[PDB]
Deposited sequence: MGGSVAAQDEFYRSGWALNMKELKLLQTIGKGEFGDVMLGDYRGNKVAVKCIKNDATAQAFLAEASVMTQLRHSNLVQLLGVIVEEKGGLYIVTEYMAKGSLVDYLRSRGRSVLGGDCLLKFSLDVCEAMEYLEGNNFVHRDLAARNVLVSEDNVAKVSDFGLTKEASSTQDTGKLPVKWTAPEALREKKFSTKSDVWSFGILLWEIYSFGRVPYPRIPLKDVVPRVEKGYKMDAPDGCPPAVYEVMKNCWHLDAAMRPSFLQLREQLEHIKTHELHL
């Protein structure tokens, strides 16, 4: 049950590449699948496989299978609409209404809530790393083993990560969502980002952003990591917004 037959997998095309290795659109005996080709040692993740393969939730890319040492062929569900960043730029304001933005935010928040609950840190939360299914559901990944504009400032200095730094990246992600995928920190220069953020600078609300969504973003951006709200509390704040703001 986690091993698939390599004999039946077809690698069709490279569709992304992470540090781990490229990611491919594959064909597993009939269905479109996404495949993580690893070469450059994997042996780490594989030890934690059962526990990291224990991770299942509907907003986490589902694992289908795994080929090993021939250096892994990780097989997962295929997210037909790609990266949310790309989707937000493509679809843009014209296609994506207010219900769609809160649903993407809730989808990611629920996945974050879940990983938070299992004591798992994401470390690279950003609209680029969120995928959209053919059914319009945003999901994040569970495979696992510094981008200045997304990373909490204590995680840039300290080089260590926690759920609380994922909370900082989630606000940055909300800002991406509400701005239809604009690169973060449009008012300042890349070089100045860290030094302004460290003194409390916060991005202004995306154009047309709902006041209450802007407060959630702001709460994610506390400089005291411990004082950022949990994904459990974020989930309640976003559910609250959905219930009254519509």
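J.: In sequence order, which deposited residues have no C-alpha?
T.: Several regions go unmodelled: 1 to 14, 56 to 57, 87 to 88, 164 to 175, 277 to 278.
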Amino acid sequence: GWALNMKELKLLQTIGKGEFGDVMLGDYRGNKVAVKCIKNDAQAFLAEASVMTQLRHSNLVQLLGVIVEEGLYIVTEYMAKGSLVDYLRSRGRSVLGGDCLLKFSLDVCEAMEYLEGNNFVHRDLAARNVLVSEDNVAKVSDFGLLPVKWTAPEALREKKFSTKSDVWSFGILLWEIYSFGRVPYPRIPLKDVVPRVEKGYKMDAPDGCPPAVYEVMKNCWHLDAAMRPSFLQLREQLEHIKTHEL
From here on, numbers count along this sequence of modelled residues.
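J.: Should the higher mean CA B-factor in the entry be assigned to 180 to 188 or to 57 to 65?
T.: According to the entry, 57 to 65 carries the higher average C-alpha B-factor.
J.: If you average the Cα B factors in the entry, which is higher, 116 to 124 or 90 to 98?
T.: Per the PDB entry, the higher value belongs to 90 to 98.
J.: Which of these, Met203, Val194, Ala44, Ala212, has its C-alpha atom at the highest B-factor, as the entry lists it?
T.: Answer, based on the entry's C-alpha B-factors: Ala44.
J.: Sort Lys139, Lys159, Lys164, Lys81 by C-alpha B-factor from the entry and give me just the highest.
T.: Out of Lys139, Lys159, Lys164, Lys81, the record gives the largest C-alpha B-factor to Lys159.
J.: Taking the entry's C-alpha B-factors for this chain, is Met52 in the lowest, middle or highest third?
T.: It falls in the top third of the chain.
J.: What third of the chain, by the recorded C-alpha B-factor, contains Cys37?
T.: Its C-alpha B-factor, which the entry lists for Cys37, ranks in the highest third among residues of this chain.
J.: Compare the C-alpha B factor of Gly171 with those of the other modelled residues in its chain, then answer lowest, middle or highest third.
T.: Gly171: CA B-factor falls in the lowest third of its chain.
J.: Taking the entry's C-alpha B-factors for this chain, is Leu9 in the lowest, middle or highest third?
T.: For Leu9, whose C-alpha B-factor we compare with every modelled residue in the chain, the answer is the highest third.
J.: Would you mind ranking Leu145 by its C-alpha B-factor against the rest of the chain and naming the third, lowest, middle or highest?
T.: For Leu145, the deposited C-alpha B-factor lands in the highest third.
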